[PDB]
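In: A structural model of the following input is requested.
(10 chains, ligands or ions: 1)
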Amino acid sequence: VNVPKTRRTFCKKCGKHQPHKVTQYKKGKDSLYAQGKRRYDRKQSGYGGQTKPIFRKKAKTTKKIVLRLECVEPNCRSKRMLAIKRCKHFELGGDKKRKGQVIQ
Amino acid sequence: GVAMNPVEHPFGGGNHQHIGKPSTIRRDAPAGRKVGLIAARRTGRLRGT
Amino acid sequence: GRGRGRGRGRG
Amino acid sequence: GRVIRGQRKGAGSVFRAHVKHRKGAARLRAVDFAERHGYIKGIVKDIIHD
RNA sequence: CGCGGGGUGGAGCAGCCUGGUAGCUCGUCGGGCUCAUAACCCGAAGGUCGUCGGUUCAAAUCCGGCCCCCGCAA
RNA sequence: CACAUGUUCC
RNA sequence: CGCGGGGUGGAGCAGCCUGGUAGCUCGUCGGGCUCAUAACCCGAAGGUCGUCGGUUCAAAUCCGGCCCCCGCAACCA
RNA sequence: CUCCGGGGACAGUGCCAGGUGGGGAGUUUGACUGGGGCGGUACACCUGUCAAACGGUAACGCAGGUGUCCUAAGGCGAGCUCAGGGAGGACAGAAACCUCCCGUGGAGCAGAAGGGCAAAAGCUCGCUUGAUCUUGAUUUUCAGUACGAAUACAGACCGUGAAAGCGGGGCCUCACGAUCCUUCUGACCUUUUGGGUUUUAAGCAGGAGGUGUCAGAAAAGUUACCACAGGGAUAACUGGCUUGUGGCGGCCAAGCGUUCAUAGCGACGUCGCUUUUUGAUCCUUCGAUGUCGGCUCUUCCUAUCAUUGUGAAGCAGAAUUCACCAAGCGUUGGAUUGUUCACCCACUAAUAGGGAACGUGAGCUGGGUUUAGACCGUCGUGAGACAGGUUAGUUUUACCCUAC
RNA sequence: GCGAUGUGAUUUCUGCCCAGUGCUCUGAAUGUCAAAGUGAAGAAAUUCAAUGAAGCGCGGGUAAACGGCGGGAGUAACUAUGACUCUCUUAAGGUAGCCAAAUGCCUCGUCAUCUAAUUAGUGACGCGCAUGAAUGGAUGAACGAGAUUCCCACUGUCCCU
RNA sequence: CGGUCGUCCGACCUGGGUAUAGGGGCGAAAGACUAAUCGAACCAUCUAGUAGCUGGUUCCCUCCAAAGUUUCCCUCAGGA
Ligand SMILES: [Zn+2]
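Out: Numbering: from 1, shown residues only, chains lettered A, B, ... in the order given. Now the structure:
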């Protein structure tokens, strides 16, 4: 799908529609000192081999695309997540199409 | 080792008298496996020097 | 395979 | 799971050398003042099969 | 009768999935070189893509029913 | 660096 | 998933670096040479330098975002 | 002043870290299945049918589609009517473009199918992001539990239109995911421990990273050296049902048969029989009914090979066919192959077809299938596999009852 | 000499292939890397950056290492086969030998012999499903309580008891 | 056990002593032998190991009285 880099939508902190800068959400780095990671590392330490299951049966080939909103107001700077139905194609503000021109 | 049984030799077993694996073996191999041509730099009929 | 026959034994 | 023939030769008690009728250890003469500076004369008594 | 696969200048080939331009080896034909053949040089043609239908802006390209051949299922 | 070969009669 | 390094004339690589420079080989065509296919020399065409944004008097070059490829190292929904 | 020499701050040892590591250890090798395996997903959805006019309703039933795609193919507003056909006009023809008429949809709506739609839900423009945030209730599968999808609402902030209104995605029926863990976002929020500050970490709420075996284990094979609990719920054999297949027999008669359809044949259809063939099913048997042949022996059937009694030929004699009664009596010796089957030699009156748990292993044999040892060919990295060949491979018991 | 292998006397040979999986060799030219140590930011935990061995990635050797070693067509003057030629492909496309074999489905392959009659045996033919060279090929004097075919003699195996 | 068989001067047979002990030994190699037990010996213990799988489950009378159907589960001989 194609989505624009700007979108005027509702803001949680402001309480009304304001324009928002639009980009895709990315998974951050896993913290080494998280509670489950510290629990996993202490459990994985010592003998016994792999203690927790490892997922291998990868079935689906797509992801739910998430937009990372951005309040353009200089004093708001509110961020929130927005979900869109799954699609293999994704791009930001590209090739706004016409309606029936001469293609080649 | 081919005529031997597979429990007592790594070359034994099978319906035909064959090795089934490369006879040349590294010398990093452990005991009970380092069997055959140990660390062969050149394995074949020697021609010349 | 269906079998061999029987070398029974003491039992 | 069975221990191969090559591994069984290290424990001995079967594959040890048969040294019952062997005449002894074939060594050279031990070093002393004679070897280091001069020489010593030795006689060949007999020649035997090992 | 079933599944996987191919058919294309005369013999073999590429080019399709990502359609916008059909190329090449041998071969046929004409001329030159030779007294003549061969070899070599110059020039030109030959490809409805197996059939039907749909699609896309257009079908060799994507899809479905059907003919032949290679070996397979029983 | 290639120049292979063209049935018999006088 | 991370690191490293690469995307360039019709094809390949150079130039990137210490920013002003887009060159060479094969290939297309033309001319000269050969008995001629070849060989040899010159000239003409042949690049948004993978894409976008920012920096700079000046980047294909410096940085970030996106696509693809190779190597290695990984893997608790 | 080191016993002599030779090495020497290097071997080597202890502890960590990385590589390698079926040598060794543990474990796994999904489910449905007209046995199992193989092939497929009927394992998660949706459309028409099955489906017997509420609804629901099965099979590895039939025809199909799906794990998407869309910054618009979403939301309003405005303006038009499509497919097709006819008639005309230089290029222009069957169609390139213009004009007129008919045109209930025969077009199109993102797609397979169904429903629905004409001043629109279709085509073209204008503006926008209701594809935004937050409580609840209900429907759909349902246990009336979830997830997903949807339906009416409520509070905001909006878009659009002059406005009534419509919109919180796609005209509807489908396109998706629990716990735990991780990541992001939201707060003048809570704890971080005896108190205070700041990192950090743990909390609340809302999204995402997936389990397709789709209410969600982390998972390769072989055993012919195999083992256990079981299963006739489930296969190989006999017996049962069926006769698709095989074999056998009638009707019609178009014709062959020199002239003649039925002396003898006989196309196209059509009606039947059989369990001496193979298929189909799993009803009986897996706390065992000894799984092929050959030898020997008893009896039975006729769909009659020979012999007997008879009829008809396109039967001069002779010979040979066809038809009826007819199972009384006979149906051989051998080469090859384990063979069933099959072919050949010879004789004969003829050398017909079969059943009795595909008669018959406490009657015989062990040649072959079908253990464990081996050889060869193909396949597999491998252990090993082969309705692929070759070789050697323990055939137990009556003295019980019945029958003779 | 010891240890680990493969084949299996004598004679005659031991064809080609390192593309794959193994084995082995070179390397600061280095693409990667853990611990430890070094430097920097931070109040510190912590984070970042360079360095960082072996092993791979790269480049050679090895098949008496595991193993493997093609297909589609036309072509001499009767026709056929067809030396020969064209062409696609891989690392090589099976060379010397051998064969219906313990290896061949078709198959009880075809020919000759053995028989009155042979799916048996022997000798040849090779388009060989799927033969083939130390995963050894061919050969086979002597020998084998190894597996088959035929002949003389011999006999109750049998006629037929 | 009988007849018939292979070998019988050397890789021959055999007594006693001794050494190798179980995931071990040993094997001219058959998954063979290891005290009638070998594809992992025997004894004791964990152990009364587990079994969705077979078998069995003990006196009388009276009253009431079924289901093999929905959904889910690596669920199909079983459970909720
Ligand atoms: Zn805001």
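In: quick one: secondary structure of residue D:36?
Out: Three-state assignment for residue D:36 (DSSP: H, G, I helix; E, B strand; the rest coil): helix.
In: give me the neighbour count for it.
Out: Burial measure for residue D:36: 7 neighbouring residues, criterion other CB atoms under 10 Å in any protein chain shown. (Each C-beta comes from the backbone N, C-alpha and C, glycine too.)
In: can you give me the helices in chain A?
Out: A:35-44 (DSSP state H).
In: mind saving the C-alpha coords of stretch D:10-30 as PDB?
Out: This file holds the C-alpha atoms of stretch D:10-30, laid out as PDB (Å, rounded to 0.1, in the frame of the first residue of the first chain):
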ATOM      1  CA  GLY D  10      45.000 -49.100  24.700                       C
ATOM      2  CA  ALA D  11      43.800 -50.900  27.800                       C
ATOM      3  CA  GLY D  12      46.200 -53.800  27.300                       C
ATOM      4  CA  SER D  13      46.000 -57.200  29.100                       C
ATOM      5  CA  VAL D  14      45.500 -58.900  25.700                       C
ATOM      6  CA  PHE D  15      47.500 -56.900  23.200                       C
ATOM      7  CA  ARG D  16      50.600 -56.500  25.400                       C
ATOM      8  CA  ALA D  17      53.900 -57.500  23.900                       C
ATOM      9  CA  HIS D  18      55.100 -61.100  24.300                       C
ATOM     10  CA  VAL D  19      58.400 -60.500  26.100                       C
ATOM     11  CA  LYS D  20      58.800 -63.900  27.900                       C
ATOM     12  CA  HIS D  21      61.600 -65.300  25.800                       C
ATOM     13  CA  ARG D  22      63.200 -62.000  24.800                       C
ATOM     14  CA  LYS D  23      66.800 -61.800  25.800                       C
ATOM     15  CA  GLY D  24      66.700 -58.200  27.100                       C
ATOM     16  CA  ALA D  25      66.700 -54.500  26.200                       C
ATOM     17  CA  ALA D  26      69.100 -53.700  23.300                       C
ATOM     18  CA  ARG D  27      70.800 -50.600  24.600                       C
ATOM     19  CA  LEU D  28      74.200 -48.900  24.300                       C
ATOM     20  CA  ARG D  29      76.800 -48.600  27.000                       C
ATOM     21  CA  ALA D  30      76.100 -46.000  29.700                       C
END
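In: now the spatially most central residue of chain A, nearest residue through space, not along the chain?
Out: What sits nearest the mean C-alpha location of chain A, by CA atoms, centre = their mean, is residue A:25, with 2.7 Å. Spatial nearest neighbour of residue A:25, excluding adjacent residues (CB to CB, 6 or more residues apart in numbering or on different chains): residue A:66 at 3.8 Å.
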